[PDB]
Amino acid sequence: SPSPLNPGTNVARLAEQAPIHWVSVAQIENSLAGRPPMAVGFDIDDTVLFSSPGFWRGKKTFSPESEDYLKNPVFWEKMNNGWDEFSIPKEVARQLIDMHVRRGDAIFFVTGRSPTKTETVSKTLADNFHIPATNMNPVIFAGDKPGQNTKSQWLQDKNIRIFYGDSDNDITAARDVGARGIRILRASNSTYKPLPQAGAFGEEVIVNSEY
């Protein structure tokens, strides 16, 4: 700073590109041509669902000033049992999942959300993305609590070869097990802030994956 009234710009800044390995769904699919059906995984939040409406609602209802709602079982019971009806499915996920289904791939969802006694997230996902039951697997609630296993342990267990996610820990989880971690852009209107530096580990990042 200063942050000027009239900052101006220049054509070096206008054309400036960060050195990122951008990919398209079409190129990922091409990279898989001739590879046998495999298990692939997806993070949920900001990867396949824009779920910030429910998280916003939860914050505003359960902990208006902090992020305490994120460890409130009452919030999770609401979040995992219907508030995703207000979540907005990502077109990038529609494309990815359609093409993995077309390959005959096993599709897993592995989330850091807290587990709840029941969940309708598996159903919301299978329904919105038209995932055959054959390809579909119930959502895995991963983590460090008693009775849980971490994202990484789950990726190893289900032999997941590709993991799509928006968060750094999605990519490092894939890397820890030798899986191909592929980054999805977090939408700038997500309430999960700050936005990750997509590409921060040299991973592939999907173009235009914010929606």
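Throughout, rigid core stands for the largest set of C-alpha atoms superposing within 1.5 Å between the two forms. Residue numbers here begin at 1 and follow the sequence given.
Stretch 135 to 143 is the one, of 135 to 143 and 98 to 106, whose CA positions lie farther from the shown form in 6 other deposited structures of this protein once all structures are superposed by the rigid core. Of 58 to 66 and 182 to 190, the stretch whose C-alpha atoms sit farther from the shown form in 6 other deposited structures of this protein, after fitting on the rigid core, is 58 to 66.
201 to 209 and 1 to 9 differ in mean CA B-factor, and the higher of the two is recorded for 1 to 9. On average the C-alpha atoms of 27 to 35 have higher B-factors than those of the other stretch, with 27 to 35 and 49 to 57 being the two compared. Of the candidates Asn135, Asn81, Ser87, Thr111, it is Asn135 whose Cα B-factor is highest according to the PDB record.
Among the modelled residues of the chain, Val177 sits in the highest third by CA temperature factor in this PDB entry. In the deposited entry, the Cα temperature factor of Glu65 places it in the highest third of its chain's modelled residues. Sort the modelled residues of the chain by CA B factor and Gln148 lands in the highest third.
Placement of the Cα temperature factor of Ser167 within the chain: lowest third of the modelled residues, per the deposited record.
Placement of the Cα temperature factor of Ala93 within the chain: lowest third of the modelled residues, per the deposited record.
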